[PDB]
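One structure is given below, encoded as structure tokens.
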Amino acid sequence: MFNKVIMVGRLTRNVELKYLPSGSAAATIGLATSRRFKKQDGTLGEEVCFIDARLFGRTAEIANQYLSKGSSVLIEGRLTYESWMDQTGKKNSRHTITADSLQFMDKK
Amino acid sequence: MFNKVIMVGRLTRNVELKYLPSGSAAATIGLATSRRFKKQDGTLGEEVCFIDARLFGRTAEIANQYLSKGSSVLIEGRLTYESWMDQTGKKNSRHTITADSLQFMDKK
Amino acid sequence: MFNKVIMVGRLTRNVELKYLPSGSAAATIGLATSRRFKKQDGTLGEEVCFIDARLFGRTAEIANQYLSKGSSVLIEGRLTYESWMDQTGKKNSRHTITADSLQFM
Amino acid sequence: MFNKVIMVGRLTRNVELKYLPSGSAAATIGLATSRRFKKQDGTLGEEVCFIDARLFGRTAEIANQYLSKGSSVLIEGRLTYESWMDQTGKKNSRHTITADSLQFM
DNA sequence: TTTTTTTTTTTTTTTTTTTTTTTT
DNA sequence: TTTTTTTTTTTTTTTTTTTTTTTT
């Protein structure tokens, strides 16, 4: 089933690069994407979407090398549903974006 | 900032159509989108993304009239970050998709 | 069948706007969007896709009041295959983008 | 500049595959994707966009082994503007889609 | 297949063409 | 601008064309 996400945002923190026990690079970036919209009066408003994106392999390292907090970037990937047991034994779930590619937007 | 979601999925429940105190129609649908992928062995796996989509106005009613539990549909919209205080006074947040359009996929 | 196009490009000429009998606007814009690829035997390349986009209603109006040659815009829409005949009966064809929306940066 | 195309279409002819000097595959497919619009003065209309897509590497191979005239597929890629000259020097142009990926239903 | 927590302009219709070195 | 909780096939390169009535 087709699952596609395309978002332009800026990092809310520096990218955190790690290696998984397996050897694969992994990274998670925090994105903030804002939208403007007119209120039924004439007021202009804003919604800010905060969301984490998962990176793996070469993509994770590319992100760690070229992006930093505040960086602007276009991310392309899929929507992800994470479901797991925390160390307390409590069921927990999460929605993240698993990114396939990044389009750097810092150069102006 | 560009914020786009395009997902094909099936409803996990019947669409729940309501009117907001303002008069606007609103509806929320539960989607399930599954992905298949090969495991580093040769096993084929699956991830299932469960996610809610918000509909408003004519879109909400269109959904309520033509879609039901198990229905296949293509949704196009944006990623949304919901943040609010529950009736207990506790901070709560959520990621949903706010849908702009629906492409029906039940007719075969 | 799903048909989506999302592209960022600069206008290659000014907006051309007319009005239909119904009264709704209809404009056409010329776009240019480039891609860099330092992928080749050795060095860096550049490809530019030139293409026209059809605009309708209030979108065509917004394009007409705010865009001009050189402007950068993001458009969403679908791919369109246009065909017709010459005054000499020679049938012609063409691909364009029919935009649903516009976002200017 | 961002350049995205996502389209579902049926193949209008069989897959045409060759191999480049490097050894990687390169195929071309003809697509047709239709849109319904019961929007007009009164009744229902239908438009079909015909367009060719360029495939490379293993994607071209998968297209060659599993697709044929009539097959339905979802392709992702970008819009491409191709140009060249006649043997008589007449310069030609063309729009195609260069696919990054393929998904067959 | 992979872990586990606030960044910094608007929203069916007709027509028939030549141009504004950050990774991948 | 808007509420508040498990559905049912694979993943820089060259070439130069005519076809497989669910809403919007």
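Note: hydrogens, waters and symmetry copies are ignored here, and every other heavy atom, side chains too, is used. Proteins get letters first, then strands, A, B, ... in listed order; numbering begins at 1 in each.
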Using the six-membered base ring of [N], report whether [X] stacks on it, requiring centroids under 5.5 Å and planes under 30° apart.
X: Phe104(B); N: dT23(F); value: yes
X: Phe50(C); N: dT18(E); value: no
X: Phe37(A); N: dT1(F); value: yes
X: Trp84(A); N: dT4(E); value: yes

What is the distance from [atom1] of [X] to [atom2] of [N], rounded to the nearest Å?
X: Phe104(C); N: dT20(E); atom1: CZ; atom2: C1'; value: 18 Å
X: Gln103(B); N: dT22(F); atom1: CD; atom2: P; value: 13 Å
X: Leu11(A); N: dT22(E); atom1: CG; atom2: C1'; value: 14 Å
X: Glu47(D); N: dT14(E); atom1: CD; atom2: P; value: 11 Å
X: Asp86(B); N: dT5(F); atom1: CG; atom2: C1'; value: 13 Å
X: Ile29(A); N: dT3(E); atom1: CD1; atom2: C1'; value: 15 Å
X: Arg54(D); N: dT15(F); atom1: CZ; atom2: P; value: 10 Å
X: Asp100(A); N: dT1(E); atom1: CG; atom2: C1'; value: 13 Å

Heavy atoms under 4.0 Å, any strand shown: does [X] hit a base, just sugar-phosphate, or nothing?
X: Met105(D); value: base
X: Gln87(B); value: nothing
X: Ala32(D); value: base
X: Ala26(C); value: base

Given DNA chain E, 5'-ward residue of the pair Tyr81(B) and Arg78(A), judged by closest heavy atom: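 With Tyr81(B) and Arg78(A) compared, the 5'-side residue is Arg78(A).
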Who pairs with [X] by side-chain contact (heavy atoms from CB on, under 4.5 Å), at least two apart in sequence or on another chain?
X: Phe56(D); value: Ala26(D), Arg54(D), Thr98(D)
X: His95(B); value: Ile51(A), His95(A), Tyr81(B)
X: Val48(A); value: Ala32(A), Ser34(A), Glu46(A), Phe50(A)
X: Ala60(C); value: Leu17(C), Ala25(C), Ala27(C), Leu55(C)

In terms of base orientation, is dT17(F) syn or anti, with the syn window spanning 90° either side of 0?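 Anti, angle beyond 90° from zero.
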Distance between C1' atoms of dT23(E) and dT12(F) (Å, rounded):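 That atom pair is separated by 16 Å.
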Pairwise distance OG1(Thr28(C)) to NZ(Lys18(C)) - rounded to 0.5 angstrom: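 NZ of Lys18(C) is found 8.0 Å from OG1 of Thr28(C).
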Side-chain (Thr88(B)) to main-chain (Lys90(B)) donor-acceptor, under 3.5 angstrom: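 No: the side chain of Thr88(B) does not pair with the backbone of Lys90(B).
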Which residues share a salt bridge (charged side-chain N to carboxylate O under 4.0 Å, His left out) with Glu47(D), sequence neighbours left out: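 With sequence neighbours excluded, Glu47(D) shows a salt bridge (charged side-chain N to carboxylate O under 4.0 Å, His left out) to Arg78(C), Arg35(D), given in chain and number order.
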Applying salt bridge (charged side-chain N to carboxylate O under 4.0 Å, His left out), can you list everything that pairs with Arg94(A), at least two apart in sequence or on another chain?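 Partners of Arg94(A) under the salt bridge (charged side-chain N to carboxylate O under 4.0 Å, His left out) test: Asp52(A).
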Spell out yes or no: do the side chain of [X] and the base of [N] have one donor N/O and one acceptor N/O closer than 3.5 Å?
X: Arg94(D); N: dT16(F); value: yes
X: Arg35(A); N: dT1(F); value: yes
X: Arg10(A); N: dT8(E); value: no

At a heavy-atom distance below 4.0 Å, what parts of residues 55-72 of chain B sit against DNA chain F?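 Hits under 4.0 Å, by residue number: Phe56(B), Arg58(B), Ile62(B), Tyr66(B), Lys69(B), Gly70(B).
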Name every residue in residues 13-25 of chain D that has at least one heavy atom under 4.0 Å from any atom of DNA chain F, in order of residue number, or write none if there are no such residues. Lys18(D), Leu20(D)
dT15(E), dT18(E), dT20(E): which one has an atom nearest the side-chain heavy atoms of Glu82(C)? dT15(E)
Given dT22(F), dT20(E), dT6(E), which nucleotide is nearest the side-chain atoms of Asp106(B)?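 Nucleotide nearest to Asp106(B)'s side chain: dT22(F).
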Ignoring hydrogens, what is the shortest heavy-atom contact between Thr33(C) and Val8(C)? Give both atom names and the distance. OG1-O, 2.7 Å
Does anything in residues 61-73 of chain A form a side-chain hydrogen bond (donor to acceptor under 3.5 Å, both in side chains)? List the pairs, not counting sequence neighbours.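 Sorted result for residues 61-73 of chain A: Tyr19(A)-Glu61(A), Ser71(A)-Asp106(A).
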